[PDB]
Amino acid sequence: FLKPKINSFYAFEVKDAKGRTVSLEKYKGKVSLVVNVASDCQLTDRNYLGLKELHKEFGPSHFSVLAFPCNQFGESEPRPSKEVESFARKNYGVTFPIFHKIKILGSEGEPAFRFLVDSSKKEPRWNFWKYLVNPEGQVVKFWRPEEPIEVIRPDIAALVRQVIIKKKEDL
């Protein structure tokens, strides 16, 4: 017997910032930019501002930023999950989902995030690694935290365009 493997990022359930179960199936048929986030690091500001720009331009019908707080990189997410979501909303006015804080490294890795890591073969080494997930729940690209929006935005636009083209064309 050959144990089954999960095919799609959108197959998983996760907890939202308030601790409630969310199925990621609600994002099926959309493009997702999945990012591990943190409120207390050098990279926090540029990332929240940049992700806001992307979510505003492309979302929320055919695209979403999906943000997963994590305290495993320089202990840069100390606050409770609810306060993380407040931070983001109060400081940046973001409307993209901020999920419950998770573990990504170690024995206890969040299965939804481990799926990104296994598919890309790239485990985060810091805050704000980013994973592009197509409408079928497959990872098609990743970016290190060092990479700027100018090289991420065109990949998103393309998949969003094709989502829109496909929806128009098909029944």
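Note that residue numbering begins at 1 and tracks the sequence as displayed.
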Comparing 128-136 with 115-123, the higher average Cα temperature factor in the PDB entry belongs to 115-123
Avg C-alpha B-factor, entry values, 24-32 vs 40-48, higher side is 24-32
On the chain's distribution of Cα B-factors, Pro145 falls within the third called middle
By the entry's values, the third containing the CA B factor of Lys90 is the highest
